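> TSV, C-alpha atoms, saved as target_5.tsv, coming up:
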chain	number	residue	atom	x	y	z
A	1	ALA	CA	-27.71	35.73	30.09
A	2	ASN	CA	-25.98	38.89	31.62
A	3	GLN	CA	-22.45	38.25	30.53
A	4	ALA	CA	-20.67	41.45	29.41
A	5	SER	CA	-18.35	41.72	26.42
A	6	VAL	CA	-15.75	44.24	25.21
A	7	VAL	CA	-17.38	46.59	22.68
A	8	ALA	CA	-15.44	49.08	20.55
A	9	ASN	CA	-15.90	52.52	22.11
A	10	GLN	CA	-14.36	54.29	19.12
A	11	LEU	CA	-13.02	53.20	15.72
A	12	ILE	CA	-9.92	51.10	16.46
A	13	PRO	CA	-7.75	51.30	13.35
A	14	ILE	CA	-6.03	48.21	11.95
A	15	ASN	CA	-2.66	47.40	13.67
A	16	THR	CA	-2.98	49.95	16.44
A	17	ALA	CA	-2.46	48.83	20.02
A	18	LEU	CA	-5.57	48.99	22.17
A	19	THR	CA	-5.91	51.65	24.85
A	20	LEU	CA	-8.44	51.62	27.63
A	21	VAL	CA	-10.34	54.57	26.01
A	22	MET	CA	-11.11	52.22	23.11
A	23	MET	CA	-12.90	49.60	25.18
A	24	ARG	CA	-16.22	49.57	27.05
A	25	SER	CA	-18.19	46.64	28.55
A	26	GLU	CA	-21.71	45.79	27.43
A	27	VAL	CA	-24.11	42.79	27.52
A	28	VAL	CA	-24.64	41.82	23.80
A	29	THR	CA	-25.25	38.62	21.75
A	30	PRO	CA	-23.34	36.75	20.38
A	31	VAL	CA	-20.98	36.88	23.47
A	32	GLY	CA	-17.46	38.02	22.52
A	33	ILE	CA	-14.32	38.58	24.55
A	34	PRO	CA	-15.31	38.94	28.28
A	35	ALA	CA	-15.32	42.32	29.81
A	36	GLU	CA	-12.97	41.09	32.55
A	37	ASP	CA	-10.24	40.77	29.98
A	38	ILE	CA	-10.03	44.53	29.14
A	39	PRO	CA	-6.79	44.85	31.39
A	40	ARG	CA	-5.17	42.13	29.33
A	41	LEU	CA	-6.01	43.63	25.99
A	42	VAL	CA	-4.30	46.99	26.53
A	43	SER	CA	-1.25	47.25	24.12
A	44	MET	CA	-2.43	44.23	22.04
A	45	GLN	CA	-3.20	44.97	18.38
A	46	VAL	CA	-6.20	44.34	16.40
A	47	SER	CA	-5.85	42.52	13.07
A	48	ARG	CA	-8.59	44.49	11.36
A	49	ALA	CA	-10.28	47.90	11.81
A	50	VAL	CA	-12.93	47.63	14.49
A	51	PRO	CA	-15.95	49.99	13.96
A	52	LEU	CA	-17.78	51.79	16.82
A	53	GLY	CA	-20.31	49.49	18.51
A	54	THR	CA	-18.70	46.21	17.44
A	55	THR	CA	-18.15	43.40	20.02
A	56	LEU	CA	-14.45	42.43	20.07
A	57	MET	CA	-14.10	38.81	19.14
A	58	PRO	CA	-11.05	36.63	19.99
A	59	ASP	CA	-10.00	36.36	16.39
A	60	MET	CA	-9.72	40.10	15.93
A	61	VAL	CA	-6.89	40.65	18.50
A	62	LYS	CA	-3.45	39.43	17.52
A	63	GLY	CA	-1.89	37.36	20.29
A	64	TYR	CA	-5.18	36.65	22.14
A	65	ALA	CA	-5.77	33.35	23.82
A	66	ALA	CA	-8.28	33.20	26.68
Give the structure from this file in structure tokens form.


Amino acid sequence: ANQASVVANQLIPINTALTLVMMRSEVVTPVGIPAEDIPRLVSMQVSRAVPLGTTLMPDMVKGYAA
């Protein structure tokens, strides 16, 4: 029900390390990576370009394990 996920706040280009300006928290379905994990994600790289408005999913961040 009101579980928040990381949603792309701007285009995140392929193989660019994530900065906190790139990530917002939002309740959406399907559930993706929990909002709580935004601190962890900083400096990790995404494996594909993530468009504005897209929920970050585990399989899009290289090196992610929850």

> Would you list the contacts of range 51-55 of chain A as a CSV table (one decimal) with C-alpha atoms, keeping the file's coordinate frame, taking every protein, DNA or RNA residue within 10 Å and counting only C-alpha atoms, but skipping same-chain residues closer than 4 positions in sequence?


chain,number,residue,atom,x,y,z
A,4,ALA,CA,-20.7,41.4,29.4
A,5,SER,CA,-18.4,41.7,26.4
A,6,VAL,CA,-15.8,44.2,25.2
A,7,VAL,CA,-17.4,46.6,22.7
A,8,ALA,CA,-15.4,49.1,20.6
A,9,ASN,CA,-15.9,52.5,22.1
A,10,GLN,CA,-14.4,54.3,19.1
A,11,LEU,CA,-13.0,53.2,15.7
A,12,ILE,CA,-9.9,51.1,16.5
A,13,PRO,CA,-7.8,51.3,13.4
A,22,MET,CA,-11.1,52.2,23.1
A,23,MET,CA,-12.9,49.6,25.2
A,24,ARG,CA,-16.2,49.6,27.0
A,25,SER,CA,-18.2,46.6,28.6
A,26,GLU,CA,-21.7,45.8,27.4
A,27,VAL,CA,-24.1,42.8,27.5
A,28,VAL,CA,-24.6,41.8,23.8
A,29,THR,CA,-25.2,38.6,21.8
A,30,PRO,CA,-23.3,36.8,20.4
A,31,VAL,CA,-21.0,36.9,23.5
A,32,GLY,CA,-17.5,38.0,22.5
A,33,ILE,CA,-14.3,38.6,24.6
A,34,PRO,CA,-15.3,38.9,28.3
A,60,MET,CA,-9.7,40.1,15.9

> Would you work out the distance separating CA of residue 63 in chain A from CA of residue 18 in chain A, expressed in Å to one decimal?

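Straight-line distance from CA of residue 63 in chain A to CA of residue 18 in chain A works out to 12.3 Å.
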
> For residue 43 in chain A, work out the shell of residues within 12 Å, counting only C-alpha atoms and skipping chain neighbours fewer than 2 positions away, then give it as a CSV table (one decimal) with C-alpha atoms, in the frame of the given file.


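Written out: selection-v2.csv:
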chain,number,residue,atom,x,y,z
A,15,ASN,CA,-2.7,47.4,13.7
A,16,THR,CA,-3.0,50.0,16.4
A,17,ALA,CA,-2.5,48.8,20.0
A,18,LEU,CA,-5.6,49.0,22.2
A,19,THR,CA,-5.9,51.6,24.8
A,20,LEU,CA,-8.4,51.6,27.6
A,21,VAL,CA,-10.3,54.6,26.0
A,22,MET,CA,-11.1,52.2,23.1
A,23,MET,CA,-12.9,49.6,25.2
A,38,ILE,CA,-10.0,44.5,29.1
A,39,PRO,CA,-6.8,44.8,31.4
A,40,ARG,CA,-5.2,42.1,29.3
A,41,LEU,CA,-6.0,43.6,26.0
A,45,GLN,CA,-3.2,45.0,18.4
A,46,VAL,CA,-6.2,44.3,16.4
A,61,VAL,CA,-6.9,40.6,18.5
A,62,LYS,CA,-3.4,39.4,17.5
A,63,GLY,CA,-1.9,37.4,20.3
A,64,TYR,CA,-5.2,36.6,22.1

> My list of candidates is A:14, A:48, A:66, A:59. Which is closest to residue 36 in chain A when distances are computed with only C-alpha atoms?

A:66
